[PDB]
$ cat work_17.cif   # mmCIF, C-alpha atoms and all ligand atoms
data_input
loop_
_atom_site.label_atom_id
_atom_site.label_comp_id
_atom_site.auth_asym_id
_atom_site.auth_seq_id
_atom_site.Cartn_x
_atom_site.Cartn_y
_atom_site.Cartn_z
CA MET A 17 4.47 -5.28 4.74
CA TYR A 18 6.53 -2.58 3.07
CA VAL A 19 8.92 0.15 4.15
CA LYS A 20 9.72 3.47 2.50
CA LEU A 21 13.33 4.40 1.77
CA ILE A 22 13.42 8.08 0.79
CA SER A 23 16.40 9.26 -1.24
CA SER A 24 18.28 12.52 -0.80
CA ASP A 25 16.20 14.18 -3.56
CA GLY A 26 12.72 13.17 -2.40
CA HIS A 27 11.94 10.02 -4.41
CA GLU A 28 10.19 7.43 -2.22
CA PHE A 29 11.09 3.77 -2.64
CA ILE A 30 8.61 1.26 -1.26
CA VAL A 31 10.33 -2.13 -0.83
CA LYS A 32 9.32 -5.10 1.31
CA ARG A 33 10.53 -5.19 4.92
CA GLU A 34 12.27 -8.52 4.34
CA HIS A 35 14.31 -6.84 1.56
CA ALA A 36 15.21 -3.75 3.57
CA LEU A 37 15.92 -5.63 6.80
CA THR A 38 18.72 -7.55 5.06
CA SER A 39 20.62 -4.31 5.72
CA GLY A 40 21.90 -3.97 9.26
CA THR A 41 21.99 -0.20 8.86
CA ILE A 42 18.37 0.07 7.66
CA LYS A 43 17.15 -2.33 10.38
CA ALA A 44 18.75 0.06 12.88
CA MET A 45 17.22 3.10 11.17
CA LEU A 46 13.79 1.39 11.37
CA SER A 47 14.07 0.38 15.06
CA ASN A 58 8.11 2.73 9.10
CA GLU A 59 10.09 5.13 6.84
CA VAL A 60 13.78 5.89 6.42
CA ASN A 61 15.33 9.07 5.02
CA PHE A 62 18.81 8.98 3.47
CA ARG A 63 20.26 12.49 3.50
CA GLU A 64 23.17 11.36 1.32
CA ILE A 65 21.90 8.78 -1.23
CA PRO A 66 20.40 10.24 -4.45
CA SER A 67 17.60 8.46 -6.24
CA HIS A 68 19.79 7.09 -9.06
CA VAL A 69 21.72 5.20 -6.35
CA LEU A 70 18.89 4.16 -4.04
CA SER A 71 16.99 2.74 -7.00
CA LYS A 72 20.03 0.54 -7.69
CA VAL A 73 20.24 -0.39 -4.00
CA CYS A 74 16.60 -1.56 -4.17
CA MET A 75 17.26 -3.51 -7.34
CA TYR A 76 20.09 -5.18 -5.40
CA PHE A 77 17.68 -6.22 -2.59
CA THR A 78 15.52 -7.84 -5.25
CA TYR A 79 18.52 -9.51 -6.89
CA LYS A 80 19.89 -10.74 -3.54
CA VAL A 81 16.65 -12.29 -2.24
CA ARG A 82 15.99 -13.92 -5.63
CA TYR A 83 19.42 -15.47 -6.24
CA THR A 84 20.62 -16.18 -2.71
CA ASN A 85 21.18 -19.96 -2.63
CA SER A 86 20.54 -20.85 -6.27
CA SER A 87 22.28 -23.27 -8.64
CA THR A 88 20.09 -21.85 -11.39
CA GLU A 89 23.01 -19.85 -12.80
CA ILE A 90 22.80 -16.31 -11.45
CA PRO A 91 23.24 -13.25 -13.68
CA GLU A 92 25.64 -10.43 -13.06
CA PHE A 93 24.44 -7.48 -11.08
CA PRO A 94 24.96 -4.61 -13.55
CA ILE A 95 26.36 -1.25 -12.38
CA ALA A 96 26.62 1.62 -14.83
CA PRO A 97 30.07 3.23 -14.66
CA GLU A 98 28.52 6.61 -13.83
CA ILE A 99 26.88 5.40 -10.59
CA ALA A 100 29.65 3.09 -9.40
CA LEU A 101 31.43 5.53 -7.08
CA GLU A 102 28.21 6.63 -5.39
CA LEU A 103 26.77 3.15 -5.11
CA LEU A 104 30.11 2.13 -3.53
CA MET A 105 29.85 4.88 -0.95
CA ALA A 106 26.23 3.98 -0.18
CA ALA A 107 26.96 0.23 -0.11
CA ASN A 108 29.95 0.92 2.19
CA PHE A 109 27.74 2.95 4.53
CA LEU A 110 24.94 0.37 4.61
CA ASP A 111 26.95 -2.92 4.43
CA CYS A 112 24.37 -3.72 1.64
CA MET B 1 6.94 -17.16 -13.47
CA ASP B 2 7.72 -14.13 -11.30
CA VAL B 3 8.05 -10.76 -12.99
CA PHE B 4 9.85 -8.00 -11.16
CA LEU B 5 8.40 -4.54 -11.39
CA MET B 6 8.86 -0.95 -10.32
CA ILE B 7 5.43 0.62 -9.95
CA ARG B 8 6.15 4.33 -10.50
CA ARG B 9 4.02 7.44 -10.04
CA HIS B 10 5.43 10.94 -9.53
CA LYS B 11 8.27 10.49 -7.01
CA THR B 12 6.96 7.15 -5.74
CA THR B 13 8.40 3.80 -6.82
CA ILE B 14 7.09 0.47 -5.54
CA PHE B 15 9.41 -2.48 -5.95
CA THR B 16 7.40 -5.67 -6.02
CA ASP B 17 7.04 -8.87 -7.99
CA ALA B 18 4.10 -10.74 -9.48
CA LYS B 19 3.28 -13.77 -11.56
CA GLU B 20 3.29 -13.49 -15.35
CA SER B 21 -0.30 -14.83 -15.20
CA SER B 22 -1.30 -12.29 -12.55
CA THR B 23 -3.72 -9.73 -13.93
CA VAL B 24 -3.48 -5.95 -14.24
CA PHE B 25 -6.35 -5.68 -11.76
CA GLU B 26 -4.57 -7.92 -9.26
CA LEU B 27 -1.57 -5.60 -9.58
CA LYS B 28 -3.99 -2.77 -8.88
CA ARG B 29 -4.94 -4.76 -5.75
CA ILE B 30 -1.26 -4.97 -4.80
CA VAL B 31 -0.91 -1.20 -5.23
CA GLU B 32 -4.11 -0.75 -3.22
CA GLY B 33 -2.64 -2.66 -0.28
CA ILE B 34 0.42 -0.36 -0.34
CA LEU B 35 -0.71 3.08 -1.46
CA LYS B 36 -4.20 2.66 0.10
CA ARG B 37 -6.19 3.62 -3.04
CA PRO B 38 -8.81 1.52 -4.84
CA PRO B 39 -8.20 -0.10 -8.27
CA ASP B 40 -10.93 2.13 -9.75
CA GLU B 41 -8.91 5.19 -8.69
CA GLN B 42 -5.83 3.86 -10.53
CA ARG B 43 -4.61 3.32 -14.08
CA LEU B 44 -1.56 1.19 -14.87
CA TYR B 45 0.58 1.84 -17.99
CA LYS B 46 3.29 0.01 -19.88
CA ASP B 47 5.49 2.81 -21.16
CA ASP B 48 2.61 5.00 -22.37
CA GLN B 49 0.11 2.20 -23.09
CA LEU B 50 -2.82 2.11 -20.70
CA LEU B 51 -3.32 -1.47 -19.49
CA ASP B 52 -6.59 -3.40 -19.34
CA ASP B 53 -7.74 -4.84 -15.98
CA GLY B 54 -8.46 -8.29 -17.38
CA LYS B 55 -5.10 -8.83 -19.08
CA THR B 56 -2.25 -10.77 -17.55
CA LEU B 57 1.07 -9.03 -16.99
CA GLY B 58 2.55 -11.39 -19.61
CA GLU B 59 -0.04 -10.27 -22.18
CA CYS B 60 0.89 -6.73 -21.15
CA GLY B 61 4.52 -7.42 -22.01
CA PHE B 62 5.96 -8.11 -18.53
CA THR B 63 7.94 -11.35 -18.83
CA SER B 64 10.86 -13.06 -17.11
CA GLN B 65 13.05 -11.70 -19.95
CA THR B 66 12.01 -8.06 -19.50
CA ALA B 67 10.98 -7.82 -15.83
CA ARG B 68 14.11 -9.25 -14.25
CA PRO B 69 15.19 -8.86 -10.59
CA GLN B 70 18.28 -6.70 -11.28
CA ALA B 71 16.48 -4.85 -14.10
CA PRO B 72 12.79 -4.65 -13.26
CA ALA B 73 10.20 -3.38 -15.70
CA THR B 74 8.38 -0.14 -14.93
CA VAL B 75 4.60 0.11 -14.59
CA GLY B 76 3.29 3.65 -14.76
CA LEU B 77 0.71 4.57 -12.15
CA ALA B 78 -1.90 7.31 -12.36
CA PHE B 79 -4.48 8.30 -9.76
CA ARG B 80 -7.98 9.72 -10.22
CA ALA B 81 -8.38 12.82 -8.05
CA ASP B 82 -12.19 13.03 -7.93
CA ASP B 83 -14.08 11.67 -10.97
CA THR B 84 -11.04 12.61 -13.11
CA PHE B 85 -7.61 11.00 -13.70
CA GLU B 86 -4.31 12.82 -13.58
CA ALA B 87 -2.09 12.30 -16.58
CA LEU B 88 0.61 9.70 -16.26
CA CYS B 89 3.48 11.52 -14.55
CA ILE B 90 6.70 9.69 -13.60
CA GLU B 91 9.42 11.97 -12.26
CA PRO B 92 12.86 10.81 -13.44
CA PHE B 93 15.59 9.92 -11.01
CA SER B 94 18.48 12.25 -10.26
CA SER B 95 21.28 12.55 -12.82
CA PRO B 96 24.69 11.00 -12.09
CA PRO B 97 27.72 13.34 -12.20
CA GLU B 98 30.05 13.38 -15.17
CA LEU B 99 32.37 10.39 -15.13
CA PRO B 100 35.63 11.41 -13.37
CA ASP B 101 38.82 11.62 -15.43
CA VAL B 102 40.03 8.70 -13.30
CA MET B 103 37.53 6.39 -15.01
CA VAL C 62 47.76 -27.61 5.60
CA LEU C 63 45.10 -27.20 2.85
CA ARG C 64 46.53 -29.55 0.22
CA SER C 65 45.41 -32.03 -2.36
CA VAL C 66 45.49 -35.60 -1.15
CA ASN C 67 47.91 -37.65 -3.27
CA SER C 68 45.43 -40.45 -3.87
CA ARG C 69 46.60 -41.22 -7.42
CA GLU C 70 42.96 -42.40 -7.87
CA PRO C 71 41.64 -40.91 -11.11
CA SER C 72 38.49 -38.79 -11.02
CA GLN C 73 36.99 -37.45 -14.22
CA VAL C 74 35.69 -33.89 -14.00
CA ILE C 75 33.78 -31.41 -16.16
CA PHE C 76 34.57 -27.82 -15.38
CA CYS C 77 31.46 -25.99 -16.40
CA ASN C 78 31.65 -22.23 -16.53
CA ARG C 79 28.09 -21.01 -15.84
CA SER C 80 29.40 -17.53 -15.18
CA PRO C 81 30.04 -14.53 -17.44
CA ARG C 82 33.74 -14.33 -16.37
CA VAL C 83 36.83 -15.94 -17.80
CA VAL C 84 37.31 -18.67 -15.18
CA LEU C 85 40.78 -19.51 -13.94
CA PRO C 86 40.80 -22.99 -12.37
CA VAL C 87 43.31 -23.17 -9.52
CA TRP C 88 44.61 -26.55 -8.38
CA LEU C 89 46.09 -26.77 -4.89
CA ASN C 90 49.13 -29.00 -5.27
CA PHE C 91 50.41 -31.39 -2.63
CA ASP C 92 52.40 -28.68 -0.80
CA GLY C 93 49.40 -26.33 -0.71
CA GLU C 94 50.64 -24.06 -3.53
CA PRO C 95 48.02 -22.72 -5.97
CA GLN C 96 48.67 -24.01 -9.46
CA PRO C 97 46.82 -22.15 -12.24
CA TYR C 98 45.32 -24.11 -15.12
CA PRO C 99 44.23 -23.08 -18.64
CA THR C 100 41.31 -20.70 -18.51
CA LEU C 101 37.69 -21.38 -19.50
CA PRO C 102 35.78 -18.84 -21.60
CA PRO C 103 32.29 -18.03 -20.26
CA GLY C 104 29.78 -20.81 -20.78
CA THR C 105 32.44 -23.20 -22.08
CA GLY C 106 33.64 -26.50 -20.65
CA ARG C 107 36.65 -28.72 -20.28
CA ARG C 108 36.78 -32.36 -19.33
CA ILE C 109 39.69 -32.52 -16.91
CA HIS C 110 41.59 -35.48 -15.54
CA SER C 111 41.92 -35.01 -11.80
CA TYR C 112 41.97 -37.28 -8.81
CA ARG C 113 39.92 -38.01 -5.72
CA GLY C 114 40.75 -35.74 -2.82
CA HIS C 115 42.20 -32.98 -4.97
CA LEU C 116 41.44 -29.31 -4.34
CA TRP C 117 40.21 -26.89 -6.94
CA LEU C 118 38.90 -23.35 -6.63
CA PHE C 119 37.84 -20.95 -9.36
CA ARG C 120 38.53 -17.27 -9.91
CA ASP C 121 37.80 -14.61 -12.47
CA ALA C 122 40.95 -14.88 -14.55
CA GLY C 123 41.31 -11.11 -14.94
CA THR C 124 40.40 -9.76 -11.51
CA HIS C 125 40.75 -12.91 -9.35
CA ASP C 126 37.23 -12.27 -8.10
CA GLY C 127 36.17 -15.41 -6.29
CA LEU C 128 33.72 -17.73 -7.96
CA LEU C 129 31.64 -20.60 -6.66
CA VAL C 130 31.88 -24.22 -7.70
CA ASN C 131 28.81 -26.34 -6.93
CA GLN C 132 27.50 -23.50 -4.76
CA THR C 133 30.62 -23.57 -2.56
CA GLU C 134 34.20 -22.29 -2.41
CA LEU C 135 36.27 -25.49 -2.83
CA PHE C 136 35.78 -28.38 -5.25
CA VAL C 137 37.10 -31.83 -4.33
CA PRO C 138 36.67 -34.38 -7.14
CA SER C 139 35.07 -37.51 -5.72
CA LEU C 140 34.64 -41.13 -6.81
CA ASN C 141 33.09 -41.42 -10.27
CA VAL C 142 29.89 -43.44 -9.85
CA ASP C 143 28.75 -45.62 -12.79
CA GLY C 144 31.65 -44.08 -14.77
CA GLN C 145 29.93 -40.68 -15.22
CA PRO C 146 32.22 -37.62 -14.85
CA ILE C 147 31.83 -35.23 -11.92
CA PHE C 148 30.39 -31.80 -12.68
CA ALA C 149 32.16 -28.70 -11.37
CA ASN C 150 29.52 -26.09 -11.83
CA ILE C 151 31.25 -22.71 -11.82
CA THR C 152 28.87 -19.84 -11.06
CA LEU C 153 28.83 -16.25 -10.12
CA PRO C 154 28.33 -15.71 -6.37
CA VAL C 155 25.85 -13.25 -5.05
CA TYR C 156 28.56 -10.68 -4.31
CA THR C 157 27.74 -8.08 -1.70
CA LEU C 158 26.68 -4.78 -3.27
CA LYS C 159 29.91 -3.43 -1.74
CA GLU C 160 32.21 -6.05 -3.31
CA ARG C 161 30.47 -5.65 -6.63
CA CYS C 162 31.04 -1.88 -6.66
CA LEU C 163 34.67 -2.46 -5.72
CA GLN C 164 34.80 -4.81 -8.72
CA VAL C 165 33.33 -2.30 -11.15
CA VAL C 166 35.47 0.57 -9.81
CA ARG C 167 38.65 -1.54 -9.67
CA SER C 168 37.95 -2.19 -13.38
CA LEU C 169 37.61 1.47 -14.33
CA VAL C 170 40.47 3.07 -12.39
CA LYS C 171 44.08 2.01 -12.87
CA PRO C 172 45.33 1.21 -9.35
CA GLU C 173 47.88 4.05 -9.58
CA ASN C 174 44.86 6.39 -9.47
CA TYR C 175 42.74 4.90 -6.67
CA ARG C 176 43.71 7.82 -4.46
CA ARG C 177 42.31 10.32 -6.99
CA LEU C 178 38.71 9.21 -6.30
CA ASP C 179 36.77 11.32 -3.85
CA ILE C 180 35.71 8.74 -1.25
CA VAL C 181 36.45 7.99 2.41
CA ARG C 182 39.89 6.57 3.27
CA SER C 183 38.34 3.23 4.21
CA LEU C 184 37.44 2.74 0.52
CA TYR C 185 40.97 3.30 -0.80
CA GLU C 186 42.22 0.52 1.48
CA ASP C 187 39.25 -1.61 0.41
CA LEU C 188 39.94 -0.96 -3.29
CA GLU C 189 43.63 -1.78 -2.89
CA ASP C 190 42.76 -5.09 -1.13
CA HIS C 191 42.41 -6.99 -4.40
CA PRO C 192 40.77 -10.43 -4.33
CA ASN C 193 43.64 -12.81 -4.04
CA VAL C 194 44.13 -16.58 -3.93
CA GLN C 195 46.80 -16.35 -1.22
CA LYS C 196 44.55 -14.23 1.03
CA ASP C 197 41.54 -16.51 0.43
CA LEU C 198 43.52 -19.68 1.16
CA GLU C 199 44.33 -18.26 4.59
CA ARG C 200 40.67 -17.32 5.18
CA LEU C 201 39.47 -20.87 4.33
CA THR C 202 42.09 -22.42 6.66
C1 LIG D 301 29.09 9.01 5.38
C2 LIG D 301 29.03 9.17 3.86
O1 LIG D 301 29.94 9.71 3.32
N1 LIG D 301 27.88 8.66 3.13
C3 LIG D 301 26.72 8.01 3.73
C4 LIG D 301 26.14 7.16 2.62
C5 LIG D 301 26.56 7.88 1.34
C6 LIG D 301 26.07 7.77 0.04
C7 LIG D 301 26.61 8.57 -0.96
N2 LIG D 301 26.08 8.43 -2.31
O2 LIG D 301 26.38 9.19 -3.16
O3 LIG D 301 25.20 7.39 -2.58
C8 LIG D 301 27.63 9.48 -0.66
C9 LIG D 301 28.14 9.57 0.64
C10 LIG D 301 27.60 8.76 1.66
#

$ encode --input "work_17.cif" --output "structure tokens"
Amino acid sequence: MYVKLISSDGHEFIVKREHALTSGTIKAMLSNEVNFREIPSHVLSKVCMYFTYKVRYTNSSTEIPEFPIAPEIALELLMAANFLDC
Amino acid sequence: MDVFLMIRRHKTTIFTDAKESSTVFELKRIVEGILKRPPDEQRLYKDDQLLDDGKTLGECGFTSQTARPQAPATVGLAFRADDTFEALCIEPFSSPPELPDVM
Amino acid sequence: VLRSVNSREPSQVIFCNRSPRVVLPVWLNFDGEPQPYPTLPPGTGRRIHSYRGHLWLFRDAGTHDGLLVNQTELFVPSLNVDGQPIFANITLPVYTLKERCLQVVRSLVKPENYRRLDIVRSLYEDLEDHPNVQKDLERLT
């Protein structure tokens, strides 16, 4: 099962529920589809890549890579990550 | 191996994974389960290259090196309206602001 | 409180840096004080002569971002079995997306200028709360 996280500019992101429910904020907003009035698509796409990175490398001695953040999206990703705790 | 993909059409992006040995058609099945449209009504593309149903995602260039979790590879998606396919259209994401002087 | 045991019982260790950061090994001496050791470039190693019961933790040498050793926070060299050295496998944690952004932003803005970024006040206090061995040692206690 998948959920839909819609960014502030209309892009729809379809991620698995397990991935989205790792966020306490999104679990609350689901309890389906979730609109983020404040997160543009260049930030929500990074958020979703983080869900993938988290689920893949959580509890792994297979050396984990760095999660890359472009300097131009860092301040917005920070605000979104701060608002979602994830 | 798992390959990590963003299936993109218009303003839709599916984040999912698949095996390198999984086939293009099986990915069309995965899209079908999500977007509720049959494999025959879809075309998958690598960049601009239309992909063949019988080929594995590895043969189509999706590998653990290029379809990574924190940097997934994009698969273009096109739908057939009625007897005829739309052209591959992937709307770009929004543009970040100029880097502040502070950075 | 959180100190190395003075066992004087040698334990051979390999610090392995399976991270992309410059790793600062930190030994906790017998009074609990962090003692920094020579740094490890990414992917490099150092055979180190430690002792059973001793306490090591590992940090990014530049930012003091916390690293993991053998998938955990603290490394205590144990008895060498069959004479084979003990492996301290230093890896990147899965940082929260929040911590990671604080890392990237901390690294672009000189701390004098944190207050010139247009973000909520909670984030200035979060940015100014640098990762820190002293702070972490209290957390672990
Ligand atoms: C309350 C608040 O300020 N929020 C909510 C989440 C969020 C995201 C961005 N962003 O650019 O991703 C900017 C601002 C905010």

$ interface_residues --input "work_17.cif" --of "chain B" --to "chain C" --cutoff "10 Å" --atoms "only C-alpha atoms" --output "mmCIF file with C-alpha atoms, keeping the file's coordinate frame"
data_model
loop_
_atom_site.group_PDB
_atom_site.id
_atom_site.type_symbol
_atom_site.label_atom_id
_atom_site.label_comp_id
_atom_site.auth_asym_id
_atom_site.auth_seq_id
_atom_site.Cartn_x
_atom_site.Cartn_y
_atom_site.Cartn_z
ATOM 1 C CA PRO B 100 35.630 11.410 -13.370
ATOM 2 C CA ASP B 101 38.820 11.620 -15.430
ATOM 3 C CA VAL B 102 40.030 8.700 -13.300
ATOM 4 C CA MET B 103 37.530 6.390 -15.010
#

$ closest_atom_pairs --input "work_17.cif" --of "chain A" --to "chain B" --cutoff "12 Å" --atoms "only C-alpha atoms" --output "tab-separated table"
residue	atom	partner	partner_atom	distance
A:17	CA	B:34	CA	8.1
A:18	CA	B:34	CA	7.3
A:19	CA	B:34	CA	9.6
A:20	CA	B:14	CA	9.0
A:21	CA	B:13	CA	9.9
A:22	CA	B:12	CA	9.2
A:23	CA	B:94	CA	9.7
A:24	CA	B:94	CA	9.5
A:25	CA	B:94	CA	7.3
A:26	CA	B:11	CA	6.9
A:27	CA	B:11	CA	4.5
A:28	CA	B:12	CA	4.8
A:29	CA	B:13	CA	5.0
A:30	CA	B:14	CA	4.6
A:31	CA	B:15	CA	5.2
A:32	CA	B:16	CA	7.6
A:33	CA	B:15	CA	11.3
A:34	CA	B:16	CA	11.8
A:35	CA	B:15	CA	10.0
A:36	CA	B:15	CA	11.2
A:65	CA	B:94	CA	10.3
A:66	CA	B:94	CA	6.4
A:67	CA	B:93	CA	5.4
A:68	CA	B:93	CA	5.4
A:69	CA	B:96	CA	8.7
A:70	CA	B:93	CA	9.6
A:71	CA	B:93	CA	8.3
A:72	CA	B:70	CA	8.3
A:73	CA	B:70	CA	9.8
A:74	CA	B:15	CA	7.5
A:75	CA	B:70	CA	5.2
A:76	CA	B:70	CA	6.3
A:77	CA	B:70	CA	8.7
A:78	CA	B:69	CA	5.4
A:79	CA	B:69	CA	5.0
A:80	CA	B:69	CA	8.7
A:81	CA	B:69	CA	9.1
A:82	CA	B:69	CA	7.1
A:83	CA	B:69	CA	9.0
A:90	CA	B:70	CA	10.6
A:91	CA	B:70	CA	8.6
A:92	CA	B:70	CA	8.4
A:93	CA	B:70	CA	6.2
A:94	CA	B:70	CA	7.4
A:95	CA	B:70	CA	9.8
A:96	CA	B:96	CA	10.0
A:97	CA	B:99	CA	7.5
A:98	CA	B:99	CA	5.5
A:99	CA	B:96	CA	6.2
A:100	CA	B:99	CA	9.7
A:101	CA	B:99	CA	9.5
A:102	CA	B:96	CA	8.7
A:103	CA	B:96	CA	10.7

$ closest_atom_pairs --input "work_17.cif" --of "chain C" --to "chain A" --cutoff "12 Å" --atoms "all atoms listed in the file" --output "CSV"
residue,atom,partner,partner_atom,distance
C:77,CA,A:89,CA,11.0
C:78,CA,A:89,CA,9.7
C:79,CA,A:89,CA,6.0
C:80,CA,A:89,CA,7.2
C:81,CA,A:92,CA,7.4
C:82,CA,A:92,CA,9.6
C:104,CA,A:89,CA,10.5
C:128,CA,A:90,CA,11.6
C:129,CA,A:87,CA,9.9
C:130,CA,A:87,CA,9.7
C:131,CA,A:87,CA,7.4
C:132,CA,A:87,CA,6.5
C:133,CA,A:85,CA,10.1
C:149,CA,A:87,CA,11.6
C:150,CA,A:87,CA,8.4
C:151,CA,A:89,CA,8.8
C:152,CA,A:89,CA,6.1
C:153,CA,A:90,CA,6.2
C:154,CA,A:90,CA,7.5
C:155,CA,A:84,CA,6.4
C:156,CA,A:93,CA,8.5
C:157,CA,A:112,CA,6.4
C:158,CA,A:112,CA,5.5
C:159,CA,A:107,CA,5.0
C:160,CA,A:104,CA,8.4
C:161,CA,A:93,CA,7.7
C:162,CA,A:104,CA,5.2
C:163,CA,A:104,CA,6.8
C:164,CA,A:100,CA,9.5
C:165,CA,A:100,CA,6.8
C:166,CA,A:100,CA,6.4
C:167,CA,A:100,CA,10.1
C:168,CA,A:97,CA,9.6
C:169,CA,A:97,CA,7.7
C:170,CA,A:97,CA,10.6
C:175,CA,A:101,CA,11.3
C:177,CA,A:101,CA,11.9
C:178,CA,A:101,CA,8.2
C:179,CA,A:101,CA,8.5
C:180,CA,A:105,CA,7.0
C:181,CA,A:105,CA,8.0
C:182,CA,A:105,CA,11.0
C:183,CA,A:108,CA,8.9
C:184,CA,A:108,CA,7.9
C:185,CA,A:105,CA,11.2
C:187,CA,A:108,CA,9.8
C:188,CA,A:104,CA,10.3

$ atom_distance --input "work_17.cif" --atom1 "atom CA of residue C:94" --atom2 "atom CA of residue C:146"
25.5 Å

$ closest_residue --input "work_17.cif" --among "B:36, B:55, B:46, B:29" --to "residue B:67" --atoms "only C-alpha atoms"
B:46

$ atom_distance --input "work_17.cif" --atom1 "atom CA of residue C:76" --atom2 "atom CA of residue C:109"
7.1 Å

$ atom_distance --input "work_17.cif" --atom1 "atom CA of residue B:80" --atom2 "atom CA of residue B:54"
19.4 Å

$ closest_residue --input "work_17.cif" --among "C:118, C:101, C:84, C:147" --to "residue C:71" --atoms "only C-alpha atoms"
C:147

$ residues_around --input "work_17.cif" --residues "residue B:87" --least-positions-apart "2" --cutoff "7 Å" --atoms "only C-alpha atoms" --output "list in words"
residues 78, 85 and 89 of chain B

$ closest_residue --input "work_17.cif" --among "B:88, B:27, B:81, B:3" --to "residue B:58" --atoms "all atoms listed in the file"
B:3

$ residues_around --input "work_17.cif" --residues "residue B:83" --least-positions-apart "4" --cutoff "12 Å" --atoms "all atoms listed in the file" --output "number ranges by chain"
B: 40-42, 79

$ residues_around --input "work_17.cif" --residues "residue C:92" --least-positions-apart "6" --cutoff "9 Å" --atoms "only C-alpha atoms" --output "PDB file with C-alpha atoms, in the coordinates of the input"
ATOM      1  CA  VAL C  62      47.760 -27.610   5.600  1.00  0.00           C
ATOM      2  CA  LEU C  63      45.100 -27.200   2.850  1.00  0.00           C
ATOM      3  CA  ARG C  64      46.530 -29.550   0.220  1.00  0.00           C
ATOM      4  CA  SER C  65      45.410 -32.030  -2.360  1.00  0.00           C
TER       5      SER C  65
END
